[PDB]
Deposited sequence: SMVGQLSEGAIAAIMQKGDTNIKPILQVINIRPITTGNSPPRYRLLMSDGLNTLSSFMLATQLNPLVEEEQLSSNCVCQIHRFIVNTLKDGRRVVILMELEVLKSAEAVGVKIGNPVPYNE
């Protein structure tokens, strides 16, 4: 199945269990610039979506040159979770690989629901 390609449950593992050494495969649902530009990502593991992913600045060329885009599938290789002053937690993506382009995937996979943030 297409959702079988994703690391179902990885978002819960990051948020609830504090798993930091997993290398989950996730789908980009949306990329939003925020304000040197920074990018917030809505990401999916096939079961849940999380709105609080942020791209490390060193990864901005992946967005700028349009290889990281809505519907692409990527594997996260390094990330850090940080807590903001108001209690919101942000997952900062430091290293990732784009495994399949948006054009090669072509759709949002499955029907993930928002994780409780």
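**Study point:** Missing C-alpha runs, given along the deposited sequence, first residue counted as 1
**Key:** Deposited residues absent from the model fall in 36-39 alone.
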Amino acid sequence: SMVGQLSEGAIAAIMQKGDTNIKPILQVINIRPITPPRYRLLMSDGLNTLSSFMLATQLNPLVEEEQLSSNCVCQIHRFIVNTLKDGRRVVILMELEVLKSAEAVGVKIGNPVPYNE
From here on, numbers count along this sequence of modelled residues.
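Practice item. Check the entry's C-alpha temperature factors for 90-98 and 15-23, then say which stretch has the higher mean. Key: Mean B over CA atoms: larger for 15-23.
**Study point:** 59-67 versus 44-52 - greater average Cα B-factor per the deposited record
**Key:** Higher of the two, by average CA B-factor, is 59-67.
Practice item. Sort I76, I29, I34, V73 by C-alpha B-factor from the entry and give me just the highest. Key: Among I76, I29, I34, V73, the highest C-alpha B-factor in the entry belongs to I34.
Exercise for review: Just say lowest, middle or highest third for the CA B-factor of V113 relative to the other modelled residues in its chain.
Suggested key: CA B-factor rank for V113: middle third.
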